[PDB]
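These protein sequence lines are chains A and B, in that order. So the first sequence is numbered by our numbering: it starts at 5 and just counts up by one. So the second sequence is numbered by our numbering: it starts at 5 and just counts up by one. Even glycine gets a Cβ: it sits at the ideal position worked out from N, Cα and C.
2 protein chains.
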Amino acid sequence: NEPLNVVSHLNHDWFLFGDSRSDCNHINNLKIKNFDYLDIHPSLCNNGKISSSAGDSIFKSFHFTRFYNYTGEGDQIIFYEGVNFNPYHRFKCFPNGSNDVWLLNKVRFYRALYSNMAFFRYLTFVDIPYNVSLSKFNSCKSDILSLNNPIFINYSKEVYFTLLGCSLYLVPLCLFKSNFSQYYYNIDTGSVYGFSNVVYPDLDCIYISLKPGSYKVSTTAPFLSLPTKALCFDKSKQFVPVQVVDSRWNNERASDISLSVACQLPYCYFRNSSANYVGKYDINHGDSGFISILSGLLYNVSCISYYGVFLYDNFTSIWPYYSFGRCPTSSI
Amino acid sequence: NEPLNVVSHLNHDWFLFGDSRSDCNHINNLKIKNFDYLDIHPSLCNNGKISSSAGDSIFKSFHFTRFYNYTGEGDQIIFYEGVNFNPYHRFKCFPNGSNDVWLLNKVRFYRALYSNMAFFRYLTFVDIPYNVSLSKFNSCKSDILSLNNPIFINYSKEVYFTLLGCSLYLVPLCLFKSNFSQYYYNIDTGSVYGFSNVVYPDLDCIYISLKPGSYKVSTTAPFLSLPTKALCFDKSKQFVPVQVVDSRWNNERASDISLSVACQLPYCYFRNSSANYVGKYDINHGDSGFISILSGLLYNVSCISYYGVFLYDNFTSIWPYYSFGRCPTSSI
Ligand SMILES: *[C@@H]1O[C@H](CO)[C@@H](O[C@@H]2O[C@H](CO)[C@@H](O[C@@H]3O[C@H](CO[C@H]4O[C@H](CO)[C@@H](O)[C@H](O)[C@@H]4O)[C@@H](O)[C@H](O[C@H]4O[C@H](CO)[C@@H](O)[C@H](O)[C@@H]4O)[C@@H]3O)[C@H](O)[C@H]2NC(C)=O)[C@H](O)[C@H]1NC(C)=O
Ligand SMILES: *[C@@H]1O[C@H](CO)[C@@H](O[C@@H]2O[C@H](CO)[C@@H](O[C@@H]3O[C@H](CO[C@H]4O[C@H](CO)[C@@H](O)[C@H](O)[C@@H]4O)[C@@H](O)[C@H](O[C@H]4O[C@H](CO)[C@@H](O)[C@H](O)[C@@H]4O)[C@@H]3O)[C@H](O)[C@H]2NC(C)=O)[C@H](O)[C@H]1NC(C)=O
Ligand SMILES: *[C@@H]1O[C@H](CO)[C@@H](O[C@@H]2O[C@H](CO)[C@@H](O[C@@H]3O[C@H](CO)[C@@H](O)[C@H](O[C@H]4O[C@H](CO)[C@@H](O)[C@H](O)[C@@H]4O)[C@@H]3O)[C@H](O)[C@H]2NC(C)=O)[C@H](O)[C@H]1NC(C)=O
Ligand SMILES: *[C@@H]1O[C@H](CO)[C@@H](O[C@@H]2O[C@H](CO)[C@@H](O[C@@H]3O[C@H](CO)[C@@H](O)[C@H](O[C@H]4O[C@H](CO)[C@@H](O)[C@H](O)[C@@H]4O)[C@@H]3O)[C@H](O)[C@H]2NC(C)=O)[C@H](O)[C@H]1NC(C)=O
Ligand SMILES: *[C@@H]1O[C@H](CO)[C@@H](O[C@@H]2O[C@H](CO)[C@@H](O[C@@H]3O[C@H](CO)[C@@H](O)[C@H](O)[C@@H]3O)[C@H](O)[C@H]2NC(C)=O)[C@H](O)[C@H]1NC(C)=O
Ligand SMILES: *[C@@H]1O[C@H](CO)[C@@H](O[C@@H]2O[C@H](CO)[C@@H](O[C@@H]3O[C@H](CO)[C@@H](O)[C@H](O)[C@@H]3O)[C@H](O)[C@H]2NC(C)=O)[C@H](O)[C@H]1NC(C)=O
Ligand SMILES: *[C@@H]1O[C@H](CO)[C@@H](O[C@@H]2O[C@H](CO)[C@@H](O)[C@H](O)[C@H]2NC(C)=O)[C@H](O)[C@H]1NC(C)=O
Ligand SMILES: *[C@@H]1O[C@H](CO)[C@@H](O[C@@H]2O[C@H](CO)[C@@H](O)[C@H](O)[C@H]2NC(C)=O)[C@H](O)[C@H]1NC(C)=O
Ligand SMILES: *[C@@H]1O[C@H](CO)[C@@H](O)[C@H](O)[C@H]1NC(C)=O
Ligand SMILES: *[C@@H]1O[C@H](CO)[C@@H](O)[C@H](O)[C@H]1NC(C)=O
Ligand SMILES: *[C@@H]1O[C@H](CO)[C@@H](O)[C@H](O)[C@H]1NC(C)=O
Ligand SMILES: *[C@@H]1O[C@H](CO)[C@@H](O)[C@H](O)[C@H]1NC(C)=O
Ligand SMILES: *[C@@H]1O[C@H](CO)[C@@H](O)[C@H](O)[C@H]1NC(C)=O
Ligand SMILES: *[C@@H]1O[C@H](CO)[C@@H](O)[C@H](O)[C@H]1NC(C)=O
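This is how it looks when you write it as C-alpha cells:
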C-alpha cells in the first residue's frame, strides 16, 4: 500500500465544486469539441455531483456580476476552483490601489468557506432583498470585473435586511479607508458584527458567518457598504474535512499561494501537483499531473490523510497523520 | 485490544488542569491527611504537569476574586475541572435574575477555551492594567461569589488598554440588559469586537479571542463594562485535541451538561463515567470510576479516538472514528 496524491471519497455521497477545467457544459462554447480540456475523467458528467462554470470561482461569483449560482450537497466536499481570480487579473478599484489586499480578501473568504463547509453539507448562493432604494453607487471599477457585492448607498438612515430559510450564512463586510465602523447589529438576539479599515489602500473585506435572523446596518459614515449576495449552509452534519486541489494558471502567467494559506488543519486537506502545469487542450487545460490528482474520484477509498489517500486498510508504510475514516496502521 | 474510557497521552509532553480532586497541595488544609481524595494515581505530584487548586475551576478563577493563576504547557491537554461552578452554587446578581444564563456563560467560556487550546500549548492568566480611575462599581453580588472581571465604570470617555507579550488572548465582553453596544475597537489594525444584550436577565457574556494589540472601549452607555483578567495562549503548535473528564458533583447535589455541550468534535474529546459518583474520602472525593478514567495518565498509548483510547496498534475490534495519532485498524 502507498499514500496517493489524489482527492477521493469514502462512499457514494461526495460533491465537487469545479470550474471551466471541470465543466461538462464548456464543450458547447468551444471550437475543438472534445473532452481533452477536462482535468477530471470524462465519465463523470452525468452525476450531478459536479458544479462548474466556464471561468468562475466561488470568490468571483460571490463578489462580481460574472455570476454562477453554485449549488451542492455532499458529505465529502472537494474544491477545484480559484484559477479565476489571481494576480493575473490585476483587479483594483482606483489606480493608486493594489490587488494584494484582494489576495488577502481571497485568503479570508476561502478560510471562512472551508471552515464552514467542514461542518455543513449544503451550499448555495442566496440574494439579499431590499426595497427600491438608491440602487447602486459606482465606487469601484476595473473594466474587466465589476462587483455588485457589496452595495454602496448614501447612508441617511439605518437599513434592514432579513435572513431566513437557511441555517448559517456568509456575508461580507467591506470598507475602503475610514475612521468609521460599520455594524450588522442583530435586532432579535443582539449579536454585533463590525469592521473598520485603517491602513489598507483598496476595498478590504472580512467574511462573517451570520445566523438566520434580522439585521440592521449602522455605520456613521457617508457610505454604508451593504451586501447583496451571501452563501447558505444547510443540513449540519458530523465533521468531515474539505479537500482542495491547487487550482492555478501556467507558470508563464501569474499564480498565488492563497488556496494553501486558507487551507489549514484539521478542517482542510490540500493537494498539489509536484511538477509544473503543462496543458493538453491548450496552454491552460488538461495537465497530466492534475488528471492523476482528480482521477481518485473514480473509486472508493478507505482512509484520507494529510500525506496522502490510502486505498486498502491492511497496512501501510508511513503513519497516517491527521487521518480520516477507516485507516490502516504501520505496526509490523 | 479494546478501546478504553481513559484520558492519556502519546509522549512525555502532556498537562492536566485539575482542581481539589487533583490537588497535591490540598493535603495541607485537610483533617485526614492521606491521598484518598485524589481522583488521580497519587504518584503524579512531583511532575509539575498538573495545575490544580483547592476548589477552583477555570471559569471561577477567570471571573471571580476566588482566584488561582493557572499556568501550563503541553502538547496533549487534559482538563479535570468545572465542579466549582454549577447550579449547586446558585450564583446570580440581583434576586429577579437567574443562573441559567450563567450556565450559558460557562458553555461559551469553555467552548472558546477548548477551541483555542486545541491549537496553542501555553496557557496562563494575565491582568489588564489601567490607571487609577474609578476603581470598581458594585453591580453584582451574591454573598458566596464576588466577581472582578469585568470592571464597571461610569463611562465619561473612551478608555484604553494594551496587550503585548502573548500571542492570543481571551477577554470577556459582558452586559446586563440594554439597547446599547460596547465595543473593543483596535486602534492599530481596526478590527471591531462588539456585543449587546437584549433579552437575557442577568449578566450575559461572550468571550472573544483578541490579538496582541492596543484596544479602546466605546459603548455609548452609562456603564462601560471592561475586563481585568484575561487568558494568554502562546507557542502555537500543530492541532492536538483537548481531552475532558466530566467534572461534576454527586447526584444528591446539582450538576449540568455544560462540559459536554462545550466539548464538540474535532477539537475536543469528552470522557464521562458510566455509573454515578460514589466518593471515598468523603461524599465528593475519590470515585472508583473516575480513578479508572484518570489512571490512563500513568502510561503512554498509541491512539486517541472519540470512542476510546487504544493502547496497542496491531488491530482492534471497532473502527477508530475521529482518531488521533498512531492508530490501529480493524480489517482482518
Ligand atoms: C504547488 O506546487 C508547485 C510546485 O510544482 C508550486 O509552484 C512553485 O511556486 C513558487 C511560488 O508560487 C515558485 O517560486 C518562484 O520561483 C521563481 C523562479 O522559478 C524558476 O525556477 C523554477 C525551478 O526552480 C522553474 O520551475 C520556474 O519555471 C522558473 O523558471 C522565483 O523567481 C520566484 O521568486 C520571486 O517571487 C517571490 C514571491 O514572494 C519573491 O519573494 C521573490 O523575491 C521573487 O520576486 C519564486 O521563488 C516555484 O518556482 C514553483 N515551482 C515550480 C516547480 O514551478 C506551487 O506554489 C504550489 N502551490 C501552492 C499553493 O503553494
Ligand atoms: C455522564 O454520565 C452520567 C451517567 O452516569 C450522566 O448522569 C445522568 O445525568 C442526567 C441529567 O444530567 C440524569 O437525568 C435526570 O434523571 C432524573 C432521575 O434520575 C433518577 O434515576 C436515575 C436512574 O435512571 C438514578 O441514577 C438517579 O440517581 C435518580 O434516582 C430526572 O428526574 C431528571 O429529570 C429532571 O431534569 C430534567 C433536566 O432537563 C428536566 O428536563 C426534567 O423535566 C426533570 O425536571 C433527569 O432526567 C441521569 O439520571 C444521570 N444518570 C445517572 C446514572 O446518574 C451525566 O449527565 C453525564 N454527563 C454529562 C455532561 O452529560
Ligand atoms: C441559487 O440556487 C438555489 C437552489 O437552486 C436557490 O434556492 C432556492 O430558490 C427557490 C426559488 O428561487 C426556492 O423555492 C421556493 O421554495 C419555497 C419553500 O419550499 C416554496 O414554497 C416556493 O414555491 C412557490 O413558488 C413556486 C414557483 O417558484 C410555485 O410553484 C409554488 O406554488 C409556490 O408559490 C419555491 O419553490 C428554494 O426554497 C430555494 N432553496 C433551495 C434549497 O432549493 C437560490 O435562490 C438561487 N440563488 C440565486 C441568486 O440564483
Ligand atoms: C500568572 O503566572 C504567569 C506565569 O507564572 C505570569 O506571567 C509572567 O509574569 C512575570 C512577572 O509577573 C513575567 O516576568 C517578567 O518577564 C520579563 C520578560 O522576560 C522580564 O524582563 C522581567 O524581569 C524584570 O523583573 C524581574 C523581577 O520580576 C527582575 O529580576 C528583572 O531584572 C527585570 O527587571 C520579568 O521576569 C513573565 O514574562 C510572565 N510570563 C511568563 C510566560 O512567564 C502572570 O503574570 C501571572 N498572572 C497573574 C494574574 O498572577
Ligand atoms: C462506492 O461505494 C458506494 C456505497 O454506497 C457504491 O454505491 C453503491 O453501488 C452499488 C453498485 O452495485 C449500487 O447498487 C446498484 O444500485 C442500482 C440502483 O441505484 C441498481 O439498479 C443496481 O442493480 C445495483 O444494485 C448502490 O445503489 C450504490 N449505492 C447508492 C447509490 O447509494 C459505489 O458504487 C462505490 N463505487 C464508486 C466508484 O463510487
Ligand atoms: C512515554 O514515552 C516518553 C517518550 O519520551 C518517555 O519519556 C522518556 O522515558 C525514558 C525512560 O527511560 C527517559 O530516559 C531516562 O532519562 C533520564 C533523564 O531524563 C535518565 O536519568 C535515565 O537514565 C533514562 O535514560 C527519557 O528521558 C524520557 N524522555 C523525556 C523525559 O523526554 C516516558 O517515560 C514514557 N512513559 C510514560 C509513563 O510517560
Ligand atoms: C490486503 O487487502 C486486500 C483487499 O482485497 C487483500 O486481497 C488482496 O488484494 C490484492 C490487490 O487487490 C491482490 O493482489 C491480492 O491477490 C489479494 N489477496 C488475496 C488473498 O485475495 C489482501 O489479502 C490483504 N493483505 C493482507 C491481509 O495481508
Ligand atoms: C501486538 O502488539 C504486541 C506489542 O508488544 C505484541 O507483543 C505481545 O504483547 C502482548 C501484551 O503486551 C503479550 O501478551 C504477547 O505475548 C506479545 N507477543 C509477543 C510475540 O511477544 C504482539 O505480538 C502483537 N500481536 C500481533 C502482531 O498479532
Ligand atoms: C492617485 O492617482 C493620481 C493619478 O494621476 C495621482 O495624480 C495622484 O497623485 C494619486 N494620489 C492621490 C492621493 O490622489
Ligand atoms: C423598506 O423596507 C422596510 C423593511 O423593514 C419596510 O419597513 C419599509 O416599509 C420599506 N419601505 C418601502 C418604501 O418599501
Ligand atoms: C482619520 O484618522 C487619521 C488619524 O487619526 C487622520 O489623519 C485622518 O485625517 C482621519 N480621517 C478622517 C476622514 O477623519
Ligand atoms: C425585583 O425583585 C423585587 C424584590 O421584592 C420585587 O419587589 C420587584 O417587583 C422585582 N422586579 C422589578 C422589576 O423590580
Ligand atoms: C491613563 O492611561 C492613558 C493610556 O493611554 C494615558 O495616556 C494617560 O496619561 C493616563 N492618565 C493618568 C492620569 O495616568
Ligand atoms: C430598549 O428598547 C426597548 C424596545 O425597543 C424599550 O422597550 C426599552 O424601553 C428600551 N430601553 C431603554 C433604556 O431605552
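{"query": "Beta-carbon proximity of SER251 of chain A to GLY86 of chain A, cut-off 7 Å", "result": "yes"}
{"query": "Residues near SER229 of chain B in its chain [Cβ-Cβ closer than 7 Å; skip 5 each side]", "result": "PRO154, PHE156, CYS178, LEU179 and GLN186"}
{"query": "Any 3 or more C-beta pairs closer than 8 Å across the region 285 to 296 of chain B and the region 243 to 260 of chain B", "result": "yes"}
{"query": "Residues sharing a beta bridge with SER229 of chain A, DSSP", "result": "A:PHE156"}
{"query": "Where the beta strand (DSSP E) containing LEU20 of chain B begins and where it ends", "result": "18 to 21"}
{"query": "beta-carbon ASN88 of chain A near ligand 14 non-hydrogen atom, thresh 6 Å", "result": "no"}
{"query": "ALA234 of chain B versus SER262 of chain A - alpha carbon distance", "result": "33 Å"}
{"query": "Close Cβ partners of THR128 of chain A (< 6 Å) along its chain, the five nearest in sequence each way excluded", "result": "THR75 and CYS236"}
{"query": "Cα-Cα separation between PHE39 of chain B and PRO46 of chain B, rounded to whole angstroms", "result": "6 Å"}
{"query": "Contact list for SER185 of chain A against chain B, beta-carbon separation under 8 Å", "result": "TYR187, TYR189 and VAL196"}
{"query": "Nearest-angstrom beta carbon gap, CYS209 of chain B and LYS145 of chain B [assumed within contact, 8 Å]", "result": "So it is not a contact: roughly 17 Å between Cβ atoms."}
{"query": "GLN242 of chain B: contacting residues in chain A (beta-carbon distance under 8 Å)", "result": "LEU269"}
{"query": "One or two residues paired with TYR187 of chain B in a DSSP bridge", "result": "B:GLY198 and B:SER222"}
{"query": "Nearest-residue set for ligand 8, Cβ under 5 Å from any heavy atom", "result": "B:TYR316 and B:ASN318"}
{"query": "Cross-chain neighbours of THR193 of chain B in chain A, by beta carbon under 8 Å", "result": "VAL202"}
{"query": "Neighbour flag for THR333 of chain B against chain A, beta carbons, 7 Å", "result": "yes"}
{"query": "Contact test: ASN29 of chain B Cβ vs ligand 12 heavy atom, cutoff 6 Å", "result": "no"}
{"query": "Below-7 Å beta-carbon distance, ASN32 of chain A vs any chain B residue", "result": "no"}
{"query": "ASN276 of chain A Cβ short of 6 Å to ligand 1 heavy atom set", "result": "yes"}
{"query": "Segments assigned beta strand (DSSP E), at least 3 residues, entirely inside the region 267 to 296 of chain B", "result": "272 to 275"}
{"query": "Interface residues of chain A facing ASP317 of chain B [CB-CB closer than 7 Å]", "result": "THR333 and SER335"}
{"query": "Beta carbon of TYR84 of chain A nearer than 7 Å to that of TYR285 of chain A", "result": "no"}
{"query": "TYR126 of chain B: first and last residue of the uninterrupted beta strand (DSSP E) it sits in", "result": "126 to 131"}
{"query": "Any non-hydrogen atom of ligand 12 within 6 Å of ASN103 of chain B CB", "result": "no"}
{"query": "Cβ-based neighbour list, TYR326 of chain A, same chain, cut-off 7 Å, excluding 5 preceding and 5 following", "result": "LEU269, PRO270, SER309 and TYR310"}
{"query": "is_contact[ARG125 of chain B, chain A] using C-beta, thresh 7 Å", "result": "no"}
{"query": "Collapsed DSSP secondary structure at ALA258 of chain A in the structure displayed", "result": "coil"}
{"query": "DSSP three-state assignment for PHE237 of chain B, whether helix, strand or coil", "result": "strand"}
{"query": "Start and end residues, beta strand (DSSP E) containing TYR164 of chain A", "result": "163 to 166"}
{"query": "Reduced DSSP secondary structure (H/G/I, E/B, other) of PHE319 of chain A", "result": "strand"}
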